[PDB]
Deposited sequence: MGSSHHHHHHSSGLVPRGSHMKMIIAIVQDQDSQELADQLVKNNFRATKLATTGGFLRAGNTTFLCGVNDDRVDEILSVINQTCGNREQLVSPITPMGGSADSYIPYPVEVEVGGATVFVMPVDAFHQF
């Protein structure tokens, strides 16, 4: 794919508050992470929030979790993050 032999990619799905999405996007950019943002809404409170999709090399997962924790995360705020396996990664 676009990944060198011997490494792996993960997919980060991070659900954060709308009021923090701006700060996270900027800090991901500063740190050379790529991201795609989704305007979403919560099942329980039924209010808008933001979901980021971040494809990242396995080697940098701790690093990106750290960024999410610093910029988002809690009485208020908070971030919910899933790390998911990726079979292949391509750019066309």
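Numbered from the first deposited residue, the unresolved ranges run 1-12, 87-111.
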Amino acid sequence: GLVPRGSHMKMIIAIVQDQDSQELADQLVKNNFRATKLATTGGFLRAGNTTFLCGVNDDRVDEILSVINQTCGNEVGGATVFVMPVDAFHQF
From here on, numbers count along this sequence of modelled residues.
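When the two stretches 5-13 and 65-73 are set side by side, the higher mean Cα temperature factor goes to 65-73. Between the stretches 50-58 and 25-33, it is 25-33 that shows the larger average CA temperature factor.
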